[PDB]
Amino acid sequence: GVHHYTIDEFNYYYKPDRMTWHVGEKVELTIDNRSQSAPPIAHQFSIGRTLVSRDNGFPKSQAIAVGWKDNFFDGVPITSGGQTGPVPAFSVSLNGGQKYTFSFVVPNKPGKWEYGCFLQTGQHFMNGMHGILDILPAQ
């Protein structure tokens, strides 16, 4: 069967902030921007490894997140409504009140991955907008 997952976006966190999938699992994932502010703000959902932060040669208490070096969805074919196929640099960016539902098969990329939002120059990420995805080997 296809397993349905939802990740809700709020300022500035995901619910849930942990998720576990198995290699080979059929996933239908809905990302929903439930931004609660006046006005509601855009949010990103990107899954990857190896945090990249701003350079400037001076030390920081919090690094200003800018992206992931390794994108979990690299190579991964996805279906969303009428469209099927891999999506280059796949990321989900949504305005407040918008959602996006897509399906795929979990690739053989076992271990720990992270999800995050890099909008507003890393400020959301700094405010806690990140989560952990564990990928288990096939049952």
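The first residue of the sequence shown is number 1, and the count goes up from there.
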## Note on the structure
Quick note on 130-138 and 4-12: per-entry mean CA temperature factor is higher in 130-138
### Task
Determine, for stretches 55-63 and 70-78, which one has the higher mean CA B-factor as deposited.
55-63
### Message
I'd like to know which of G85, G96, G48, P110 has the highest C-alpha temperature factor in the PDB entry.
### Response
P110
### Query
How does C117 rank on Cα B-factor within its chain, lowest, middle or highest third?
lowest
### Summary
In terms of its chain's C-alpha B-factors, the third that includes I41 is the middle
